[PDB]
Asker: 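Sending over a structure as structure tokens; questions will come in a sec.
One-based numbering, in listed order, for ligands and for the atoms of each. All values below were derived from every heavy atom in this structure, side-chain atoms included, with hydrogens, water molecules and symmetry-related copies excluded. Order of the sequence lines sets the chain letters (A, B, ...), proteins ahead of strands, with each chain counted from 1.
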Number of protein chains: 6
Amino acid sequence: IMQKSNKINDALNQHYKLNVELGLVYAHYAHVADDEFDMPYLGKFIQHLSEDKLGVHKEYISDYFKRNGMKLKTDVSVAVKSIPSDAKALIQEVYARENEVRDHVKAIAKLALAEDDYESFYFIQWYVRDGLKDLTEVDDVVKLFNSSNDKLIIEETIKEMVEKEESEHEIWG
Amino acid sequence: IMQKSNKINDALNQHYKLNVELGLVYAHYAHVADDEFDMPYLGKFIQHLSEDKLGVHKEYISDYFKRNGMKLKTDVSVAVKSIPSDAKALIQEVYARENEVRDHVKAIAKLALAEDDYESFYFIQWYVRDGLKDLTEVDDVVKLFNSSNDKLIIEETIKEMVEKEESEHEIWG
Amino acid sequence: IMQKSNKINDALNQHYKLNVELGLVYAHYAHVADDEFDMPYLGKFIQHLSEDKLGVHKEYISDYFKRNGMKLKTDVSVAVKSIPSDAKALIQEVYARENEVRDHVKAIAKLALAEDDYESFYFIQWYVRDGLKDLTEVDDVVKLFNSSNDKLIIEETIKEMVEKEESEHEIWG
Amino acid sequence: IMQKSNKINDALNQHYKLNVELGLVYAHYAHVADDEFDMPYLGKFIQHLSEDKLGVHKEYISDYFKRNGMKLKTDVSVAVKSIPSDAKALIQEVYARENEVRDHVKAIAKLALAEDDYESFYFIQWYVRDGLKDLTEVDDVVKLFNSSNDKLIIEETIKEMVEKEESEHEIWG
Amino acid sequence: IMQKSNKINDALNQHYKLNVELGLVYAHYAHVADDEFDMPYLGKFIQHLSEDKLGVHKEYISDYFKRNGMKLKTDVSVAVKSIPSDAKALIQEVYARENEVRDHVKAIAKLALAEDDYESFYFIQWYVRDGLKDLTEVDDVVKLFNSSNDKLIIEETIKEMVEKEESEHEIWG
Amino acid sequence: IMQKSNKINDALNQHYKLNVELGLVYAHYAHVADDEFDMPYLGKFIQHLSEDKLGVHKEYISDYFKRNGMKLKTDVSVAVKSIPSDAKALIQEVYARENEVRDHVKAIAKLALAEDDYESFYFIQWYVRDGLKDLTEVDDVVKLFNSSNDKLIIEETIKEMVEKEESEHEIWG
Ligand SMILES: [Cl-]
Ligand SMILES: [Cl-]
Ligand SMILES: [Cl-]
Ligand SMILES: [Cl-]
Ligand SMILES: [Cl-]
Ligand SMILES: [Cl-]
Ligand SMILES: [Fe+3]
Ligand SMILES: [Fe+3]
Ligand SMILES: [Fe+3]
Ligand SMILES: [Fe+3]
Ligand SMILES: [Fe+3]
Ligand SMILES: [Fe+3]
Ligand SMILES: [Fe+3]
Ligand SMILES: [Fe+3]
Ligand SMILES: [Fe+3]
Ligand SMILES: [Fe+3]
Ligand SMILES: [Fe+3]
Ligand SMILES: [Fe+3]
Ligand SMILES: [Fe+3]
Ligand SMILES: [Fe+3]
Ligand SMILES: [Fe+3]
Ligand SMILES: [Fe+3]
Ligand SMILES: [Fe+3]
Ligand SMILES: [Fe+3]
Ligand SMILES: [Fe+3]
Ligand SMILES: [Fe+3]
Ligand SMILES: [Fe+3]
Ligand SMILES: [Fe+3]
Ligand SMILES: [Fe+3]
Ligand SMILES: [Fe+3]
Ligand SMILES: [Fe+3]
Ligand SMILES: [Fe+3]
Ligand SMILES: [Fe+3]
Ligand SMILES: [Fe+3]
Ligand SMILES: [Fe+3]
Ligand SMILES: [Fe+3]
Ligand SMILES: [Fe+3]
Ligand SMILES: [Fe+3]
Ligand SMILES: [Fe+3]
Ligand SMILES: [Fe+3]
Ligand SMILES: [Fe+3]
Ligand SMILES: [Fe+3]
Ligand SMILES: [Fe+3]
Ligand SMILES: [Fe+3]
Ligand SMILES: [Fe+3]
Ligand SMILES: [Fe+3]
Ligand SMILES: [Fe+3]
Ligand SMILES: [Fe+3]
Ligand SMILES: [Fe+3]
Ligand SMILES: [Fe+3]
Ligand SMILES: [Fe+3]
Ligand SMILES: [Fe+3]
Ligand SMILES: [Fe+3]
Ligand SMILES: [Fe+3]
Ligand SMILES: [Fe+3]
Ligand SMILES: [Fe+3]
Ligand SMILES: [Fe+3]
Ligand SMILES: [Fe+3]
Ligand SMILES: [Fe+3]
Ligand SMILES: [Fe+3]
Ligand SMILES: [Fe+3]
Ligand SMILES: [Fe+3]
Ligand SMILES: [Fe+3]
Ligand SMILES: [Fe+3]
Ligand SMILES: [Fe+3]
Ligand SMILES: [Fe+3]
Ligand SMILES: [Fe+3]
Ligand SMILES: [Fe+3]
Ligand SMILES: [Fe+3]
Ligand SMILES: [Fe+3]
Ligand SMILES: [Fe+3]
Ligand SMILES: [Fe+3]
Ligand SMILES: [Fe+3]
Ligand SMILES: [Fe+3]
Ligand SMILES: [Fe+3]
Ligand SMILES: [Mg+2]
Ligand SMILES: [Mg+2]
Ligand SMILES: [Mg+2]
Ligand SMILES: [Mg+2]
Ligand SMILES: [Mg+2]
Ligand SMILES: [Mg+2]
Ligand SMILES: [Mg+2]
Ligand SMILES: [Mg+2]
Ligand SMILES: [Mg+2]
Ligand SMILES: [Mg+2]
Ligand SMILES: [Mg+2]
Ligand SMILES: [Mg+2]
């Protein structure tokens, strides 16, 4: 009874890998944001995101696996070989990656229902919610580049964003 | 004047890579320590170490690069394909890896002097000190497996270790 | 035994002189930043730097000399005969001078090792670290002029910089 | 209307120069007081005076210039080529220099009235008062050398002087 | 890999021995300072120094050895067979011994670099700094005997020295 | 009148020597307890004892000598050439040495009465009491090795012992 789904096990190992590799890319993008583009607050924003991916996003999968018999796999391959040309494009790339996260998560949820794995459907709810939350935070920064042509003005707004004491939306938080 | 050393740049990119990959391996080893070996406090110890490697150890390199013109490279390849057979061997493997850290760091320091890069010699001092500190903490756990054959007794001692409020040795801390 | 190095004595007298003269130039540049360029916060930044050079940078040399038998020399000659054309160039000049500081300090460290003067190598470590720290702070201001064409926006960012309660980086601080 | 006095501008540039050079000499004399004469508290007294000259004494001139259109000049030439033979003579030399300060200040005040520059006459009042205050503090130390032949007794009295929480005389303070 | 240097092991065993024997001599000198020379505060100064040598100076070596595989040796031979004739000479002897400490430490640092032992070079930095700090504190007392011929006046100054709440110099502290 | 006993003077010089040499041996044994036997809490126990011997045990003799005219002698010879084979034997050796302390102290007390030296009989009372107290504390550790074969269990008990806030027995404390 209660035999773990091998299909969910694979999908969640692939999502663990995605969050590790994303976090490593974001750490690089945070360096570049500060170093090459002269936007240290944009750097801090991306760095916070790197740490989210390499922290809780991966941790919760490992924890879940310990509880249900699923096997963890660690297989990572990532290389930053090209960087976006400017800051606007850097954050737009981050946006595209977060949009893909939402698509991957949707798939896992759909799979959990197909496999009648209600514990996994429950688990993924955090990721479903976070898919949108994280995208929204990134979108809030993307908007800035369309609203001013002054990098320092944009930076002042990012500063408040990163320095605000984090509030949780009742639903998406 | 003050042109960055390409040799130091490469050695520090390789050490960034080493700390990323080590941290990912340790995250896996922390999972296994808890999940397979029934030693959650040993897991927490290795997890703290994973976070050290993927946190400050890498961050300080990126920060340094921003200050001196050195280029960051992100190129990561890691796969955990075999795990040690028991807990004793798991921590002994961690020990071996920390010993290798000390050897890599020694090389960077020697190189900094050869290149007359005193800013880099200063920078690496943190890593020289930490090489030993981290090894010592790991050694403290290795010792336990040679001092008791009861996994729960060992776990009780690791618990105090991980839960003690961190003290800094005047020299190695 | 323990006879002071005459070569280190000379190099450190020359560095005392450099820090005095730099501080006097920076005091003038701080006046001009406010008075001629309408950037009082940029003025305060350069003034803080003037006081750093004429304070601790020189004080620590005098203190060291008292401890080891080295002789202090006071020989100062400085005249500000031309000023940079605008604020961007003013801070870029400050940058160039800080870069030269790093080069002079490198030389002292190299000399200390050649003379087997380990007390002097220890002493200069503060200056090695500070060379980079001070350059970084100046670079943070230079960046601003490349990130906005509005002097008041730049000034608002410098204001936060000068008014932030000073934090020390674990390594460079 | 309200065109700045070129004569006052020159006199105040010369007084800026005097305060810079005095402060650099006093910094040397403070070193010697401690290092050569074995009187660290006498050193601290002279050092406090060095910092007064290189601090507020010069700062107030720069500030004034910013307000009225006067031009700041930085032209400094100072070399300590001979030092007084003992501590008594060191402080007596400091006294002579402070007496000369009072004479220079008198001249500026007289000039301000001749030029009908009431803003400058107001400004110099601080310096008129301080001329005497600073001389008095130096005289208080000179007296000590005429009142004891024991350097440590003198040092104990200087210690209280430098360590007393500064009080301001209603008139001269 | 990371095999301990036998040469550094010997040099540090010899420095452990030096600090033990120095501390025992200083304990005797502290007794004599009080008992024979009627200078209890001078006694307390030397006693504090005895405890420094027999405390942290030796402890840090033992700690280091535990971390790196080096072997501790305990081999002590000390006899106080002659004492200096008066207090001035007692502290001058302490001074000579501290000067020799600095010379021994210099040698260890030089050796660490020759052996490419960067962990040992890091370790010895504490001792390099302390060599000078301790000498300075002793010099501060030596000076007193050249500044007064009254033993009680000297004692009053030593009292403040030993009773001041210890401050750390940014570099030498 | 009140001429010091030369016999008591010698016995107390020999006891000063014994406490110095014991303390140096115990410092070595504390190192070995931690380093070789993997028992850091046992190390801390022996280290506390080293510091007791080299602290108050010797200090009180020096103090007494200052008060009564007795002469202090410093003559120390100690070499740790063999170490006990295991931890049990290490603490048993410490026990044997403490038992010998009690025997030496008994002799001094007996001598004080024979010499009608009541001040010395009073003085030695501290040492008579401490002979037993210190032996008892050591016995409490010896017992542990006879009560468990698990080094970590023993270590947990030693930890409480060394970390308990010290209580004084009404008689032996
Ligand atoms: Cl199923
Ligand atoms: Cl080079
Ligand atoms: Cl030399
Ligand atoms: Cl006019
Ligand atoms: Cl070697
Ligand atoms: Cl008798
Ligand atoms: Fe995925
Ligand atoms: Fe930054
Ligand atoms: Fe967040
Ligand atoms: Fe979790
Ligand atoms: Fe598992
Ligand atoms: Fe590739
Ligand atoms: Fe790429
Ligand atoms: Fe850009
Ligand atoms: Fe674009
Ligand atoms: Fe499906
Ligand atoms: Fe998230
Ligand atoms: Fe604004
Ligand atoms: Fe490496
Ligand atoms: Fe658990
Ligand atoms: Fe840690
Ligand atoms: Fe950092
Ligand atoms: Fe970069
Ligand atoms: Fe593979
Ligand atoms: Fe593997
Ligand atoms: Fe196991
Ligand atoms: Fe095994
Ligand atoms: Fe090399
Ligand atoms: Fe670490
Ligand atoms: Fe220089
Ligand atoms: Fe202003
Ligand atoms: Fe600063
Ligand atoms: Fe200083
Ligand atoms: Fe000097
Ligand atoms: Fe000129
Ligand atoms: Fe010029
Ligand atoms: Fe401008
Ligand atoms: Fe321009
Ligand atoms: Fe050189
Ligand atoms: Fe600085
Ligand atoms: Fe003047
Ligand atoms: Fe001093
Ligand atoms: Fe004042
Ligand atoms: Fe002002
Ligand atoms: Fe002006
Ligand atoms: Fe000249
Ligand atoms: Fe002169
Ligand atoms: Fe004198
Ligand atoms: Fe004279
Ligand atoms: Fe006039
Ligand atoms: Fe003044
Ligand atoms: Fe007095
Ligand atoms: Fe030595
Ligand atoms: Fe006394
Ligand atoms: Fe001290
Ligand atoms: Fe220690
Ligand atoms: Fe050892
Ligand atoms: Fe002998
Ligand atoms: Fe002797
Ligand atoms: Fe005397
Ligand atoms: Fe004499
Ligand atoms: Fe050598
Ligand atoms: Fe010391
Ligand atoms: Fe005895
Ligand atoms: Fe330990
Ligand atoms: Fe005790
Ligand atoms: Fe006492
Ligand atoms: Fe005596
Ligand atoms: Fe022997
Ligand atoms: Fe032996
Ligand atoms: Fe054992
Ligand atoms: Fe046995
Ligand atoms: Fe008897
Ligand atoms: Fe005791
Ligand atoms: Fe227990
Ligand atoms: Mg499968
Ligand atoms: Mg269905
Ligand atoms: Mg290359
Ligand atoms: Mg070379
Ligand atoms: Mg010369
Ligand atoms: Mg050499
Ligand atoms: Mg003119
Ligand atoms: Mg008139
Ligand atoms: Mg050998
Ligand atoms: Mg070499
Ligand atoms: Mg006799
Ligand atoms: Mg009788």
Asker: Could you pull out the N/O/S protein atoms under 2.8 Å of the Fe ion (ligand 63), ignoring any water?
Answerer: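 Listed by chain and number, the nearby protein N, O or S atoms are E/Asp52 OD2, E/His57 NE2, E/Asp130 OD2, E/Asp134 OD2.
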Asker: Measure the shortest side-chain to side-chain distance between A/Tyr127 and A/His57 over non-hydrogen atoms and say whether it is less than 4.5 angstrom.
Answerer: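 A/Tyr127 vs A/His57: side chains touch.
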Asker: In chain order, what residues pass the ring pair (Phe, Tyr, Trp, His ring centres under 6.0 Å) check against C/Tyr122, with sequence neighbours excluded?
Answerer: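 Partners of C/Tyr122 under the ring pair (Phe, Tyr, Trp, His ring centres under 6.0 Å) test: E/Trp172.
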Asker: With a 4.5 Å limit on heavy-atom distance, are the side chains of C/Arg67 and E/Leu135 in contact?
Answerer: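 Side chain of C/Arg67 against side chain of E/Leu135, heavy atoms only: no contact under 4.5 Å found.
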Asker: Suppose we screen for salt bridge (charged side-chain N to carboxylate O under 4.0 Å, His left out). Which residues come up paired with E/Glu59, at least two apart in sequence or across chains?
Answerer: none
Asker: Can you list the steps and then say if E/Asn19 with E/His15 is a side chain to side chain donor-acceptor pair (under 3.5 Å)?
Answerer: CA-CA 6 Å; E/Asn19 274 287; E/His15 200 66; 3.2 Å; yes
Asker: Show me the pairs that pass side-chain hydrogen bond (donor to acceptor under 3.5 Å, both in side chains) and involve residues 32-41 of chain B, at least two apart or across chains.
Answerer: A/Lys66-B/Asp34
